[PDB]
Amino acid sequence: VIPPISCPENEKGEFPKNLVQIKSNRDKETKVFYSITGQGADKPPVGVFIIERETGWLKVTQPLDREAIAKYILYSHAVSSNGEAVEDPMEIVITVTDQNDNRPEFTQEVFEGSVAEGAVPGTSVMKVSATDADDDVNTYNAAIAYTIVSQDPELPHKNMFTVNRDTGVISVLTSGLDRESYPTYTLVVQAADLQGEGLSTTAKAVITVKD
């Protein structure tokens, strides 16, 4: 039988690239010709994978995309020169492994929230959220951390609020909200993967100060 095969997405260099060599024992009693079927082979997407009919070498012809197709299920066939299948079709599972090629994406471009000016420091205000198309199950490529990039106006001073880097919940950090002088605040928030050390994106959070 053939064991599982893995290939990293976004591979660069020259193609095609060798994956594994399929071989039938009957090769010693007859000339055998190899073929593959399945989505990724003879079915759309066609030709992503190919196999040399005489050598039995399975190959990949282009860079892969885990976010497009993360797993291919193919079937190899072995037929003798006489026209008879010398083996029962063998299943081949090709797993596409992940690369951090997607920046997180906030669920909204502008999040809205409000807070009473007398709110004691530590009061939760609102929550922002971002997703990441990468592999959050097997890697850290989609492990998001939230941070506040800027505040406008920066009065009475900067850091009027803060954000929980895990939950995206924004809270009152200090006292001093003054609806009369600074009615609203526009915060630029950031979401970055690799636990905050990777790719990032930003969005806005507009907070209205109530009485």
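Don't overthink the numbering: it's just position in the shown sequence, from 1.
The mean C-alpha temperature factor is higher for 22-30 when 22-30 and 178-186 are set side by side. As recorded in the PDB entry, 33-41 is the stretch of 33-41 and 147-155 with the greater mean C-alpha temperature factor. Out of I94, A130, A133, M90, the entry records its largest CA B-factor for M90.
Listed residues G113, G122, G118, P104 were ranked by CA B-factor as deposited; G118 comes out on top. Ranked against the other modelled residues of its chain, the C-alpha B-factor of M160 as given in the entry falls in the middle third. Ranked against the other modelled residues of its chain, the C-alpha B-factor of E11 as given in the entry falls in the highest third. In the PDB entry, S76 places in the middle third of its chain by CA B-factor.
Residue-level temperature factors show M126 in the lowest third of its chain, judged at the C-alpha atom. Among all modelled residues in its chain, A68 ranks in the middle third by Cα B-factor.
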